[PDB]
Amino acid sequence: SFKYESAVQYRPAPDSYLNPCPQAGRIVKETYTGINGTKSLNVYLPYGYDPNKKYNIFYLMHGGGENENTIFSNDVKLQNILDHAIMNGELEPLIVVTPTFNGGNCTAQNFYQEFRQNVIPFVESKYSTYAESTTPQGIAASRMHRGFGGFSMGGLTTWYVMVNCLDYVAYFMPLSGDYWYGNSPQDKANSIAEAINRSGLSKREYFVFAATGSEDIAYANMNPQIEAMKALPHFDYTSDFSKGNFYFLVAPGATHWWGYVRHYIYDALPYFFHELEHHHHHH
């Protein structure tokens, strides 16, 4: 079983996890129409996916110049990691969706709107999540079973998703991404605080697991933001999400490259979705 650590450390997946696992989850290519026109995404279903069961769902965004296919391409191979981790019992089965911020009027920053209105209702009406319906009320009532993350520009997307979508999403994984508000780290922090206040949520209802590499240029802006967030009452700093809600993993020597960032996901994603989960688990 999984056990929460209070300060989890960078730990890459074994080399063999980058290769195909014979217990492969199905990746389905989907096309949908929304406020930024006709676009595509991929949905990863866990091996043994049973549509009579309910699954947590994690949405994960690519970086600049990439697209909805990148994360599951040979350039990244995240599905192989997911497959092997799920078969070995390190990660509880979940749906992982890779959308895009390209197309139409869409930008990494404004994607949250298409996410709220088109992406969630499209995905979660077809696949089996904890959403009982895809009205605003049904999405909001299943928020504990929904997560959002992304790398670089997709990291930035994640931040704008948290500030605009706390009603719909409880778990956030910004990977090497800055957030732009005011002109100081404190102003960034305070914008996030004000979003949390408007939401009415308690400290046990939102969770942030950020990460980057110590040789990734994103560290320069992320670290002061994280420090300013630590000062806020809204966040209790620890990776033990049974006790707190905010952690920053820094991989020593890691650069701004999917080859490393895929391992952040391997490290952080097993920490998601246990709070108020419907299983009886000791973590």
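The numbering used is simple: start at 1 and walk along the sequence shown. Just so we're on the same page, rigid core means the largest C-alpha set that superposes within 1.5 Å between forms.
Between 179-187 and 160-168, pick out the one whose C-alpha positions differ more from the shown form in 4 other deposited structures of this protein, using the rigid core for superposition.
When 179-187 and 160-168 are compared in 4 other deposited structures of this protein, the bigger C-alpha shift is seen for 179-187.
If you average the CA temperature factors over each stretch, which comes out higher, 128-136 or 162-170?
Comparing averages over the C-alpha atoms only gives 128-136.
Please compare 185-193 with 80-88 and name the stretch with the higher mean C-alpha B-factor in the deposited structure.
Higher mean C-alpha B-factor: 185-193.
Among the chain's modelled residues, which third holds the C-alpha B-factor of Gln117?
For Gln117, whose C-alpha B-factor we compare with every modelled residue in the chain, the answer is the middle third.
What third of its chain's C-alpha B-factors does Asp267 belong to: lowest, middle or highest?
For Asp267, the deposited C-alpha B-factor lands in the lowest third.
Taking the values exactly as deposited, rank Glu68 by C-alpha B-factor within its chain and report the matching third: lowest, middle or highest.
Lowest third.
Compare the C-alpha B factor of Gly147 with those of the other modelled residues in its chain, then answer lowest, middle or highest third.
It falls in the bottom third of the chain.
Just say lowest, middle or highest third for the CA B-factor of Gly200 relative to the other modelled residues in its chain.
Highest third, going by the recorded CA B-factors of the chain.
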